[PDB]
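Coordinates in review
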Amino acid sequence: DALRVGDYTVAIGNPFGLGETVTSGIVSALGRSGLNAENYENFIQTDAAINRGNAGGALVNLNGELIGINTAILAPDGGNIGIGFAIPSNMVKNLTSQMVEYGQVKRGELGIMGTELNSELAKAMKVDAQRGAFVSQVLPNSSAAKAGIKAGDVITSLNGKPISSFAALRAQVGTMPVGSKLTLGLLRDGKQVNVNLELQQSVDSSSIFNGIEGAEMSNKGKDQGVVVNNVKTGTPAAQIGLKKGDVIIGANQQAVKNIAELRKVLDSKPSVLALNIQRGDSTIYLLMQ
Amino acid sequence: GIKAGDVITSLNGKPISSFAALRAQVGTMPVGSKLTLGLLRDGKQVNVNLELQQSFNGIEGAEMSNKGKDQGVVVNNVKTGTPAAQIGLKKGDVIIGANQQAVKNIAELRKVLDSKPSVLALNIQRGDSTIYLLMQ
Amino acid sequence: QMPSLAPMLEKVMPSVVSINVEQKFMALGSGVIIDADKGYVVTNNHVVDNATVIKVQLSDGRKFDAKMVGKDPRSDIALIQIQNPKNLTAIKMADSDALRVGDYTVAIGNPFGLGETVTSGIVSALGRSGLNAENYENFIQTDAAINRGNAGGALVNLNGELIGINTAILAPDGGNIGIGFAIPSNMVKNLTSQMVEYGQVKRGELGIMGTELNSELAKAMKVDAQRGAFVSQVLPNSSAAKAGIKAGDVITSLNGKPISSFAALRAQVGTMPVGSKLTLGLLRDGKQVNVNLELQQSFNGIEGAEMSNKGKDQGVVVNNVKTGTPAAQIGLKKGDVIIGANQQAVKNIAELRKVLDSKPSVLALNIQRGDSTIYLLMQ
Amino acid sequence: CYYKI
Amino acid sequence: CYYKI
Amino acid sequence: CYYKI
Amino acid sequence: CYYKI
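What the entry reports as its method is X-ray crystallography, with 3.6 Å given for the resolution.

This is the structure we're talking about:
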């Protein structure tokens, strides 16, 4: 977060298996995102020479301290043309420290929806700042809603640090663990507002299968099967027979009471699978693979 | 009371030459032209009079009307195939203000479009929630 | 305590913009602010040519609407003006004649519409030309990263002073390979300062033909220098003809600054306004020769016929007639005398003009050729 | 478009 | 869009 | 390569 | 065809 456009950068990596290759550049820009609009990317931009194999390599300042992990480049020909991207060290510092304790990430949510603040929207909202996070709405029962965040407010700073963009702010906090206390600078009706906060906790059939989309499922009651909540037409689950409301009772002659007992035989990897779901009063069977 | 399977034979006393004539004929009459038609259902003469048709304040695929006594503008409902329904407008919402300008009625909605903002920022309410929606 | 460009850049970056312009197409480029108050932004012509809509986005995000001021595609320079400017930051321009191969450069622009991107390099070389033998080209070459969208951007020195405008890259693939070219700031100064004062580029000529000077011609003509301008021929009635520049002469310097090539020399004065007095360093028969010069253009002379008044309010006598001219289409010949036109008598060039100021669709001239009285027709 | 956090 | 080294 | 200036 | 009057 101390980086600025203009600082000098040293890129280290291994392009094409040649060996450890050191290259030189400067911080071209900060807070860049859009390569994969779903990813959490607050990329650093550098003209340091970076080609296939530099990925996972360190981006350091003239003192050798890690300032970013080189990730991807923009190349219409696959060769470096002076545009490299690195994940800031603070996002790595926050994501490495989460994999040390729990092996995966406790993806925390505050509870506000929004979109980017352009120059046109600040003219309509007669807000001073021309960039930041615009609160389209706040979710009810969220810690953020508990803190006093009105819709239509603009976010400008976090922990004092100015915010380059919503997708940057989303990426910055998309890494911090659940319960991280932080400070926010706001602008509602031309007034500055500061508030502290704390994360709360946050399901596809492809979050249980990998490859089977368009069927939102979960547990039912107290160990009463895996209920199918909603299914979209022509999705990898509706092609086999999963309808909305089905209560998955069992599979391959063993009972299925929840997403846990289901995964006891899924990971047993049987050749062909036979669900014993039920379409209300009827008892039907479903087959896969 | 025009039913399917009927056959139009005349128009304003002048017999029709073809459907292609009739489609071209009335295709030029201004909107609201009251005419008369010669029909033929089950071999019986049926004359029917008519009046052309089009193809509160609804602006751009979204229907509105007044609400209460300066209670903003209540949202009626939107057809899911309109460009206004593709921006997340749902039935029942109420606009208290827009673009940081307080809105009492619809005369202050179209006075905001009289100002023609590039983006429209609305302060609608759905449920107990105070939210915002954007345009253009 | 580390070095960095960030202090210099945070002063300069507010002064470089991004441009959005729209078989309908959508385009993106860059521009640099020349005047804080008037909202003038310099940019490359191949960015805002055939522009119906010109949206400029500042460094903070503020969008603006801009319209055209001037253009000169021979040099690929165009000036736009932000409409309704509010709190704009101009850039400080440096004299590119102080540049030297090896000085560190910094390029600012909008590559692929990503946003303002800063890139570093050195002056790879100077005076480069030839990539379009008919364009006015005197490029600074640099190894600083420059790609599609950097056009119209800022190339500045380490103090932030603008030394050139990024224009085009040499790349077999469309991506920077360490060869970028930028029009020097001094050409931008002379070109934009004309687009404001005249709206277009008042092009002046000296009336000399010439080719480059190779090491092979230096031998044949007993010339010492190995690169310069070889005066093949001077047009009569040209400034050089008047100034007494003879054929077979060699131009070594311009105003003291030596010349790198003819193609550079051609591009320098191609940006100077008409009437720009200057001095040249010639070399004829092994004698160092200095010469001063004055550019020129390529009564009421109308459509290629010079005319003045005859007698005391006796009309307007035509004085010369160039063949193959609008005058030649009308048929008027030298010596012809006008009496009136469109049933209105003409006594002087003022009464002629007040009917030309009336701008009619057709023009009927009541002249007299020799002893005869005839009519001529126009428009 | 919109995104959650 | 972008490439992934 | 015989331009005019 | 299918035309609408």
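Read on for the rest.
Across its full length, chain B holds two helices and ten strands. When the helices and strands of chain B are read in sequence order from the N terminus, they spell out β-β-α-β-β-β-β-β-α-β-β-β. Taking 2.2 N^0.38 as the reference for a compact globule, 136 residues should give roughly 14 Å; the C-alpha atoms of chain B span a radius of gyration of 23 Å, well beyond that estimate. Over its C-alpha atoms, taken along the principal directions, chain B stretches across nearly 65 × 30 × 30 Å.

With that out of the way, let us pick up the sheet that holds strand 1 (residues 8-13) of chain A. Residue and element names in this part refer to chain A. One closed barrel holds the six strands; their spatial order is 1-2-3-6-5-4, and the pairing between them is antiparallel. Here the average twist between neighbouring strands, direction ignored, is 45°. Two elements, strand 1 and strand 2 (residues 21-32), share six bridges in a ladder whose sense is antiparallel. Paired with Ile12 across the strands is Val22, a residue of strand 2. On top of the sheet, helix 1 (residues 89-101) reaches strand 5 (66-73) and strand 6 (84-88); it is set at about 50° to strand 6, its chief contact.

Moving on, we get to the interface of chain A and chain B. Facing 13 residues of chain A, the contacting portion of chain B comprises eleven residues. Counting across the chain A and chain B interface gives two residue pairs in polar contact. Broken down by class, the residue content of the side of chain A that touches chain B amounts to six nonpolar, four polar and three charged.

We now examine helix 1 of chain A. All names here are of chain A. The end-to-end C-alpha distance of helix 1, which contains 13 residues, comes to 19 Å, matching closely the 18 Å that a straight helix rising 1.5 Å per residue would cover. Taken together, the buried positions of helix 1 are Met91, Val92 and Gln98. All buried residues of helix 1 fall inside an arc of 130° around its axis, so they share one side. Seen from the buried face of helix 1, the exposed residues on the opposite side, beyond 90 degrees, are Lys93, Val100 and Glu101. Those residues of helix 1 that are buried are in contact with strand 5, strand 6 and helix 4 (166-173). Downstream of helix 1 by a residue or two, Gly103 has a phi angle that is positive, lying close to 80°.

On to the packing of aromatic side chains, then. The geometry of an aromatic ring pair is captured by two quantities: the separation of the ring centres and the angle between the planes. With the rule as written, the count across this model stands at three aromatic pairs over all chains. For the ring pair A:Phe134 and B:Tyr132, a centre distance of 6.1 Å and an interplane angle of 85° mean the geometry is edge-to-face. Of the two residues, A:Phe134 is situated in strand 8 (residues 133-138) and B:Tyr132 in the loop between strand 9 (129-130) and strand 10 (133-134); the pairing between them involves two chains. The exposure class of B:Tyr132 is buried, given its relative accessible area of 7%.

Turning to a nonpolar patch on the surface, a few remarks are in order. Nonpolar side chains collect at one region of the surface, where C:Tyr104, C:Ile122 and C:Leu158 lie side by side and expose about 290 Å² of accessible area between them. On the secondary structure map, C:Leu158 appears in the loop between strand 10 (154-156) and strand 11 (162-169).

Right, let's talk about unusual backbone geometry for a bit. We note that B:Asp70 has phi near 55°; this positive angle belongs to a residue other than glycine. Along the chain, B:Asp70 falls in the loop between strand 4 (44-51) and strand 5 (73-74). A relative accessible area of 46% places B:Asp70 in the partly exposed class. A positive phi is found at C:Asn84, a non-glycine position, where the angle reads about 55°. Tracing the sequence through the fold places C:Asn84 in the loop between strand 6 (77-82) and strand 7 (104-109). Classification of C:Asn84 as exposed rests on a relative accessible area of 67%.

Take the side chain of A:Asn51 next. By secondary structure assignment, the location of A:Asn51 is in the loop between strand 3 (43-46) and strand 4 (58-60). A polar contact is formed between the side chain of A:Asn51 and the backbone nitrogen of A:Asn80, at a distance of 2.5 Å. For A:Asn51, the residues in contact, after removing those within four places along its chain, are A:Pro15, A:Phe16, A:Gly78, A:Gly79, A:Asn80 and E:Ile5.

Residues and elements named next belong to chain C. Those residues of helix 8 (residues 349-356) that sit buried are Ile349, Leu352 and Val355. For helix 8, the angular spread of the buried residues around the axis is 125°, confining them to a single face. Residues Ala350 and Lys354 are exposed on helix 8 and point more than 90 degrees away from its buried face. Those residues of helix 8 that are buried lie in contact with strand 19 (305-309), strand 20 (316-321) and strand 22 (344-345).

Residues and elements named next belong to chain C. On the basis of which strands lie adjacent, the closed barrel formed by six strands has the order 1-2-3-6-5-4 and antiparallel pairing. Geometrically, the sheet is characterised by an average inter-axis angle of 40° between neighbouring strands, direction not taken into account. Two elements, strand 4 (residues 54-57) and strand 5 (residues 63-72), share three bridges in a ladder whose sense is antiparallel. Following the sheet pairing, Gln57 is matched in strand 5 by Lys63. Across the face of the sheet, helix 3 (residues 185-197) comes into contact with strand 3 (40-44), strand 5 and strand 6 while running at roughly 50° to strand 6.

Counting residues at the interface gives 29 residues for chain C, matched by 26 residues for chain A. Around 2100 Å² of area is buried between chain C and chain A when both sides are counted, 57% of it from carbon and sulfur atoms. The salt bridge involving A:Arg4 is made with C:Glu10; its shortest N-O contact spans 3.4 Å. On inspection of chain C and its partner chain A, the count reaches eleven residue pairs in polar contact. Contributing elements (two or more residues each) for the side of chain C that touches chain A: helix 1 (6-12) and strand 8 (117-128) of chain C. In terms of residue class, the side of chain C that touches chain A is built from twelve nonpolar, ten polar and seven charged.

Another point: the nonpolar core. C:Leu9, C:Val32, C:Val106, C:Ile108, C:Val118 and C:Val156 are the most contacted members of the largest nonpolar core, which has 40 residues in total. Every residue in contact with C:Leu9, bar those within four places of it in the chain, is listed here: A:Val5, A:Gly6, C:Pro14, C:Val106, C:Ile108 and C:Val118. Formed by 22 residues, the second largest nonpolar core is a distinct cluster that contains A:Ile163, A:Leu169, A:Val173 and A:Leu197.

What follows covers the arrangement of the chains. Sorting the six pairs of chains in contact by contact count puts chains A and C at the top. Note that chain A does not reach chain F: the shortest distance linking a C-alpha of one to a C-alpha of the other is 34 Å. A gap remains between chain B and chain F, with no contact made and the closest C-alpha atoms lying 50 Å from each other.

Glancing now at the environment of C:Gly149. Residues and elements named next belong to chain C. With respect to the helices, strands and loops of the structure, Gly149 is situated in the loop between strand 9 (139-142) and strand 10. When the C-alpha atoms of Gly149 and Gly102 are compared, they prove to be 25 Å apart, with 47 residues separating the residues in sequence. Those residues in contact with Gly149 that sit more than four places away from it in its chain are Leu28, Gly29, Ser30, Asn110, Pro111 and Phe112.

Our focus in this paragraph is the side chain of C:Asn44. Examined against the element boundaries, C:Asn44 turns out to sit in strand 3. In contact with C:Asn44, not counting residues within four places along its chain, are C:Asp76, C:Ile77, C:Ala78, C:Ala151, C:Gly152, C:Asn166, C:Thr167 and C:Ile183.

Before going further, it helps to spend a moment on the pairing of strand 13 (residues 215-219) of chain A. Residue and element names in this part refer to chain A. Pairing of strand 13 with strand 14 (residues 226-231), which is carried by five bridges, proceeds in the antiparallel orientation. Opposite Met217, over in strand 14, you have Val228 as the bridge partner. Connecting strand 13 to the antiparallel partner strand 14 that follows it, the hairpin turn spans six residues, and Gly221 within it adopts a positive phi of roughly 60°.

Rules behind the numbers
- Residues numbered from 1 in each chain as written, not as in the entry; some residues may be left out.
- Chains lettered and ligands numbered in written order.
- Part of a larger assembly, values for the part shown.
- Heavy atoms only, no water.
- Residues with missing side-chain atoms left out of burial classes, pairs and counts.
- Helix = DSSP H or I, 4+ residues; strand = E, 2+ residues; numbered from the N terminus.
- Rg over C-alpha atoms; globule rule 2.2 N^0.38 Å.
- Pairing = 2+ DSSP bridges.
- Axes fitted to C-alpha atoms, helices over the stretch in contact; angles between N-to-C directions.
- Contact = heavy atoms within 4.5 Å.
- Polar contact = N/O pair within 3.5 Å; in protein donor to acceptor, adjacent residues only side chain to side chain.
- Nonpolar A, V, L, I, M, F, W, Y, C, P; charged D, E, K, R; others polar.
- Expected span 1.5 Å × (residues − 1).
- Buried < 20%, exposed > 50% of the residue type's maximum accessible area, 1.4 Å probe, protein only.
- Arc of directions from axis to C-beta.
- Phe/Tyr/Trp six-rings, centres within 6.5 Å; stacked < 30°, edge-to-face > 60°.
- Patch = residues over 30% accessible without salt bridge, like charges linked within 9 Å, V, L, I, M, F, W, Y side chains within 5 Å.
- Areas by Shrake-Rupley, 256 points an atom, 1.4 Å probe, with all protein chains shown as cover.
- Salt bridge = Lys/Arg side-chain N within 4 Å of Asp/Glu carboxyl O.
- Buried area = accessible area lost by both parts, 1.4 Å probe.
- Core = buried A, V, L, I, M, F, W, Y, C linked by side-chain atoms within 4.5 Å.

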